[PDB]
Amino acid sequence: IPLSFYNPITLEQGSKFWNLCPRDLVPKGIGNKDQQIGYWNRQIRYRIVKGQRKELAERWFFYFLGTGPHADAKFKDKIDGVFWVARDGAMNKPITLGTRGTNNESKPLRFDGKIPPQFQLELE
């Protein structure tokens, strides 16, 4: 249910997010140096493709530490569909910024680092 402040990454079908994601891939635009820490969360979708149920390309959504679908998790807790990220110098402290409201626009993804070609940034 909880909405990310940012657009998701769409992962090229067949790739594995946790093999390719930089450990400091934290979207830019919200918070201070201490708060640049959180997780990407996989959110699965199915449709009919070639006349059968198919999982769509995975979309991964960023949430600050202490927010989102896994708001109670601690940094580096092993959870299927969660990949932990932090900028160097971030504080391992739960964040009070919450999540995006249902009537507010998502922000486009911008990063300090490069991303692999398997990480697609679809916009609306």
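Residue numbers here begin at 1 and follow the sequence given.
The deposited model assigns a higher average Cα B-factor to 48-56 than to the other stretch when 82-90 and 48-56 are compared. Here 106-114 and 19-27 are compared by their mean Cα B-factor, and 106-114 comes out higher. The entry lists a Cα temperature factor for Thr99 that places it in the middle third of the chain's modelled residues. In the deposited entry, the Cα temperature factor of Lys33 places it in the highest third of its chain's modelled residues.
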